[PDB]
Amino acid sequence: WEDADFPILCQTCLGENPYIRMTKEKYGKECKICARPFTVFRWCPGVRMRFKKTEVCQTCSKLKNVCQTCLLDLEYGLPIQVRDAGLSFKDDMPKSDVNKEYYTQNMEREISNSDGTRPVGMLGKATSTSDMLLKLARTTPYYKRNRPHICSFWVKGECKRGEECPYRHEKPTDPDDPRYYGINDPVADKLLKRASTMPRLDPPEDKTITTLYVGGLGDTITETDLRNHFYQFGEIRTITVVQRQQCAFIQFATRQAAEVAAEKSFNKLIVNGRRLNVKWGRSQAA
Amino acid sequence: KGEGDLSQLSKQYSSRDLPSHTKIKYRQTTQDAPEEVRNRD
Amino acid sequence: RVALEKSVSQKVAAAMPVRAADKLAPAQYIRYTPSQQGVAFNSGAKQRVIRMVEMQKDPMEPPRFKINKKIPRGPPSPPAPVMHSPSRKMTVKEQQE
Amino acid sequence: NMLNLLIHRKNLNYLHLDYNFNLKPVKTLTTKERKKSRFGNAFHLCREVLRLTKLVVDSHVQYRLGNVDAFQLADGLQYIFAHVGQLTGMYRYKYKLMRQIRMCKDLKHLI
Amino acid sequence: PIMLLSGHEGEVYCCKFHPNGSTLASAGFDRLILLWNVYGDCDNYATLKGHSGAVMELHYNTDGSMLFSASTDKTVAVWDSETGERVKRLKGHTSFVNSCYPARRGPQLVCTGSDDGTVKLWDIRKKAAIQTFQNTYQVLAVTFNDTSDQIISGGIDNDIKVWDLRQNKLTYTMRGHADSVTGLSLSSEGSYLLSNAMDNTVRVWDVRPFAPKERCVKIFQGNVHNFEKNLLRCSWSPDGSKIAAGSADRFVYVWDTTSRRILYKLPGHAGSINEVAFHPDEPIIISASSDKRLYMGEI
Amino acid sequence: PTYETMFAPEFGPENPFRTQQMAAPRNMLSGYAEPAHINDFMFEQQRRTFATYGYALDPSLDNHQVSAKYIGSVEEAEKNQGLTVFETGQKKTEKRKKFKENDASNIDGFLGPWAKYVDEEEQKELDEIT
Amino acid sequence: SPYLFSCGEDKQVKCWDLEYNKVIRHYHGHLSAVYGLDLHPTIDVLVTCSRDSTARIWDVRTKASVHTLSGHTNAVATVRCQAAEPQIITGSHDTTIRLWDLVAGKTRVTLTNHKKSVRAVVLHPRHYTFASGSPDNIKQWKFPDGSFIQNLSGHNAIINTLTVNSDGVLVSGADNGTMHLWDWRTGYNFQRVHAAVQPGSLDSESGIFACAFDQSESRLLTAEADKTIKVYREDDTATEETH
Amino acid sequence: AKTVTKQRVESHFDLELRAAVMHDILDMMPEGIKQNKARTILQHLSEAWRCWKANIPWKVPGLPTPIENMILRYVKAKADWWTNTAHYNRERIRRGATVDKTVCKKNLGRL
Amino acid sequence: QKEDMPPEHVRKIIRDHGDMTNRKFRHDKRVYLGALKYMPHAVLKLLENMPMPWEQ
RNA sequence: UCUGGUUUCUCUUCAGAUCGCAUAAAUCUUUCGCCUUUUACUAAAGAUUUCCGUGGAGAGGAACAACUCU
RNA sequence: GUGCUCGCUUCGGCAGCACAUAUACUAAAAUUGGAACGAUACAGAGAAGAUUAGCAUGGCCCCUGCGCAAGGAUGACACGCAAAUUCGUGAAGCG
RNA sequence: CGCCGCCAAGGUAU
Ligand SMILES: [Mg+2]
Ligand SMILES: [Mg+2]
Ligand SMILES: [Mg+2]
Ligand SMILES: [Zn+2]
Ligand SMILES: [Zn+2]
Ligand SMILES: [Zn+2]
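Protein chains in written order, with the entry's author numbering: chain A, 15 to 192, 201 to 308; chain B, 18 to 58; chain C, 148 to 244; chain D, 502 to 612; chain E, 58 to 356; chain F, 83 to 202, 211 to 220; chain G, 258 to 500; chain H, 669 to 779; chain I, 57 to 112.
Structure below.
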């Protein structure tokens, strides 16, 4: 039912080698979600690494901008649930077999035969990105995804091969922390990790820190851009720009709006292509 | 790209569907061939 | 004619392919630029030419996947405007006729 | 190993297909297992031609056991090639070979 | 304008300019020969198809009517530049054809050389080899003198050899390279022959009835060969004033045939350069490389 | 054809409304792919070179327009001075001597290419896991 | 080719050889009954319109369905195909016509008129502007891009057949026995002739289900619902002038 | 699909006849809001055939002329097929072609 | 360039497989049913080369 | 004195010769004979294929290729 | 690793030449969802009286069968929607 | 002058 020429293949599954050899089939395995006969391709990424043939088909990868074999996004290198939780639009897809699954899957394959270049619904909302998901976007990822799965007979001590067993050895797995939408167990801990980062400890008073020491101005930040980026938060009382240290001083009437600026600018407010420097003001008349 | 059951999705090598009469007899010049049709009254 | 001829040749070499066809000569490479992530991903991956061969399908295999699925027919081509003549209504008596 | 594994895949477990290629039910079959387990011409005719070559190879391995000579095997597989239908039941699911049985049964007299 | 051309899916190994300066020919690892408009919008027209091996060398005859193509499949094809139809297949060598040249002036002749160590003279009308010169080491580059009396062959013995068509004898040997010779080319006068070699030496040799007898007329430097082991070819400018030779270091080197100063070093290529050609009338340089793109440098 | 036509850049602010991935050129949703006819031998040679020692040259056409460098593990290229896997090296270091028995006459003593080499608390945790 | 094709409601399309008067191919694969069929004038393909929803392409020398044309919601009455683009014209019982693409299999254009369903289309064969046929306000069309050229007069009977001559005369055969002549230059009804019944038939049984000219187009002949073929010739008079 | 064999002759001709009269009365009735009460003209056609089989003259009042005379010509076409099959299988069971109990016990009532 | 091998290969393979009542070889047994289609192509070529009684 | 090649293994299309000194089955369209409906059928003709094999031709090797036809 | 060549000065050391990167990687799996059949208990069997030959239509139901034969209880599932006749409400318009 | 050599679905429901 499905033929292909080349799969999606994000970089963490290609391997460390730009020179890999790959064999192909015409009708290979079924997808583990919808059982569609795609074309499984097989290659060797590394010398200590398993083959990682193919998990899903091309069509289900073209719905949500997903790679081919490890089920992560191509645009970041993240799972699907983090992506549509950060963008707050799920682009729903059924769960059963013959109820509504293959119906809308065949129709979305039928309407996407022209382009084959972009996903069906994420083309308009993958543009307003790089704000909340750029904070965890791992460059040069760990190659432990590519290492082979654990073998038996070393857990029981029966392995006659010894060192020439190609899979792994001396790796005790843990039965406490290991599909398409939900639910994923370590991903909940990853959302707890991004919800429990390392900010500055909030001093115990009643919102008196309305000043803020922001610097790194140079020639990109100007006064009108900064006061219009503060104007969407609210109104000023006394603002200034100092150029001997390349810094700006802003305050607010009732602190809370600038408080989310404190949520916005903990090495996080990225305007004009620069990681700005932010530390605390005095708020003490010192 | 996903045709019907006749194309690839079946090994039903069915009866009555065989390469029988795999050559077409053409109407030659002694019959009412279209070359003699294009000029007769 | 050549379009339907190559279509029916693929059909005959797909519906009845049983009699002695060679597979392919897969000596071609494919060169695909990693233009999605690479700035330090696999340092030096700039256009990444790879090798593509084909696995031999042995002729001792039944069809592996159950072709028995049946779904209702989906939405067709979208309806064009209908543009008939102005619709008339006759009487109260000819409708009774 | 294929004619028994067809039965093992189709979840029967009551047709005792034996090495001399026959077929026997065992359990006095009810309606839901009689109609599931009956074969057409493709299974049965292959079973009879495999029984024929089974008897031929049994004749040859009986010769190479070392208790029977060449003339006796000659008359033996002459009787095998001349008296099918009497001992193989291959005409039952394909009648066209019956004339060929007669084509054997005539030429034997010529011999 | 610089002009950037693309099309070749694999490495380009050679390119030439039509004798009248109206069109270009290019070919390489793909097995396709592309024709290009020199002027206009630099358009691409016919693709010549039929080579099963890679195209090692293109040449035009002096009339610009016949295009010759040496391939790794042991066959040298003759192409009609006007229609794009194939004329003949010179089937002969037992191994790869490394290079071919077509005699100008005198009745049509073609020379080939291959990894079987032989050099063969072909008459396009016979469908059979005319002469065979067994060397003993693989032959990489071959050219005729303008009198059509001599064959000049460069191999991997670091020694350019000259063959007499009438005597069928090793007439001359040239010493002066420390490594394999990858490309030979005669001046338009017949006066001088230009050589590239792994040793990174570009050497001009003068061939004359009266020769000094130690014909290392000139030496130039800058052209680098490396681990890729690409055949390297060099060309004479239309008036013999400039010498171009490609290199593996991404630079087009053009020298002054007299003072030996580097006139041009040009970048723009990403990979190794396999051939540099000069337009027959105007100061235009076609640079062909392994990055599958061509440039039209103008001086 | 003219080099100036393809060399002429696009007047614009690069359109940063899209991201870096989606604004990049492609034809498949993942990279611009096109077939070619590269030689097999040098391809597999530099593949085995990167598989053994981790350095190889960098194949492209139009990334920087000047590229002759090595990729992967950098220092091991100049440590071995750019050798290949098909070339006899300058030294024979860390070589590993086996034993041979190729008379093919003895019983249970013939060990040729099928020979084994001369050299030839976790269980409590693995019990507590299972 | 020296053979003919036939088809009917027995779910069978028979290829009747004429050198031996026998069936040689016996096309099958239609899930319902068969209404009409047509041949391509140049190449060895055939088009067939059936009862369920589809028209299908039968390849001669292969007898395999190359394309199934599935875009209708009712039966398809008649089908014509030619050498010039567009190829296939299918008029169906869901009150629409559509012109197909024979290569890709998808439709080119759909044509929505005719409150009562279309049952007759025909090629002329000299120049463009093919015609359609329906019980209500019989129309006229065009080969490129679609174009409503003209509608004809009040031929309000339920019709079955259209046949057209190269010199400009056209004939429409209906279900009430009334067959009507037209012209190609204007759209003028000329004769308005009705056929009487041969003795066995009753008063209202006559319905024209087939009509065709000669290859000289000097003789017309119709097959009616009274199990009779009626053959018309010309009239060598002069006093039949147009008002 | 499946072909029409000798058993699905009378179970296919009636289906094609009701489909033909269906798409004929769907394309002959005028622009009123109701077509046929979804089965009634079929019932009049069937009752006209049953009344022709008993030769009841079938004079129903208050009925439009085109639907009733198209029902008359349709039951006349079914009568022509019925009698032309009756003559044919009567000649076949006369000369001895078929020995079918269904055909003979049907042809008794069909004469 | 493929040629003969020792004939004790097929015997070892089938004495390993046997009557296919084990769970180790379950990936291969369907292939045995895939050998169902071409069995008369083997039985025909078998019975074409039967040893004559002057042979051993 | 020069000229200088039989077997075996792989693709390559054409076949009109008892392609094979012999001869299998199936499909369609008809006539029959058993027959209740059908698949299994009977046995004659007409026309197609399938299948076990075969004929001559382009190349690449290897097998004593150097014995030697020329 | 192996063979050949004194090729470079010891049979030994070195150098060159030739051979040139397989594997649904497992004997396992913490294992994975487990549909058929059989057993338990229900419900029960077409055609306006009874016993019932059947052939059909549909698609998100299958099985036996080589099936464009056939048979599976007519193989099973097929049910109340009245439409225009009377009256009320609301809307569009006309005198 | 010497035809002819028989299986199954059709029934113990799903
Ligand atoms: Mg029945
Ligand atoms: Mg039934
Ligand atoms: Mg039923
Ligand atoms: Zn999928
Ligand atoms: Zn992946
Ligand atoms: Zn292990």
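Cβ atoms here follow ideal geometry from the backbone N, Cα and C, with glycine treated the same way.
Residues of its chain near residue i, where Cβ-Cβ distance is below 8 Å and the 5 sequence neighbours each way are ignored
i                 : result
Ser75 of chain A  : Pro21, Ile22, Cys81, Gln82
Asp460 of chain G : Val454
Span of the beta strand (DSSP E) around residue i
i                 : result
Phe103 of chain A : Per DSSP, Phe103 of chain A belongs to no beta strand (DSSP E) and is neither H nor E.
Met353 of chain E : 350-355
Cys338 of chain G : 333-338
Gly777 of chain H : Not the beta strand (DSSP E): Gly777 of chain H falls in the alpha helix (DSSP H), residues 769-777.
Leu197 of chain E : 196-201
Check: residue i C-beta below 7 Å from any heavy atom of ligand 6
i                 : result
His163 of chain A : no
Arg62 of chain A  : no
Nearest candidate by alpha-carbon position, reference residue i, set the options
i                 : options                                : result
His500 of chain G : G:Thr494, G:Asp460, G:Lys484, G:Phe447 : G:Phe447
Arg718 of chain H : H:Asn775, H:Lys746, H:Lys705, H:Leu731 : H:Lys746
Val133 of chain E : E:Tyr96, E:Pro159, E:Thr140            : E:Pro159
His384 of chain G : G:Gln269, G:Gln339, G:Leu356           : G:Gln339
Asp348 of chain E : E:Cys291, E:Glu139, E:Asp87            : E:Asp87
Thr260 of chain A : A:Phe271, A:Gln25, A:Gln95             : A:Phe271
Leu289 of chain E : E:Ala305, E:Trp136, E:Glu246           : E:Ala305
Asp130 of chain E : E:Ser138, E:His116, E:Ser156           : E:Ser156
Neighbour flag for residue i against chain C, beta carbons, 8 Å
i                 : result
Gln25 of chain B  : yes
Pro734 of chain H : no
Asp58 of chain B  : no
Sequence-distant residues of its chain with Cβ nearer than 6 Å to residue i (five each side left out)
i                 : result
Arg130 of chain F : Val167
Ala279 of chain A : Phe255, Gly256
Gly240 of chain E : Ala198, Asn253, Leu289, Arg290, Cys291
Residue i, enclosing alpha helix (DSSP H) - first and last residue
i                 : result
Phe252 of chain A : 245-253
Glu736 of chain H : 733-763
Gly85 of chain E  : No alpha helix (DSSP H) contains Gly85 of chain E, which is instead part of the beta strand (DSSP E) from 80-85.
Near ligand 5: residue i beta-carbon under 7 Å from a heavy atom
i                : result
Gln82 of chain A : yes
Interface flag, residue i vs chain D, CB-CB below 8 Å
i                : result
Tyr88 of chain I : yes
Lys80 of chain I : no
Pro63 of chain I : no
Short CB-CB distance (under 8 Å) between residue i and chain F
i                 : result
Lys193 of chain C : yes
Contact test: residue i Cβ vs ligand 4 heavy atom, cutoff 7 Å
i                : result
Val70 of chain A : yes
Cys74 of chain A : yes
Residues near residue i in its chain [Cβ-Cβ closer than 7 Å; skip 5 each side]
i                 : result
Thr232 of chain A : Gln273, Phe274, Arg277, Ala280, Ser305
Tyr135 of chain F : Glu158, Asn162
8 Å Cβ cutoff, residue i in contact with chain A
i                 : result
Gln147 of chain F : no
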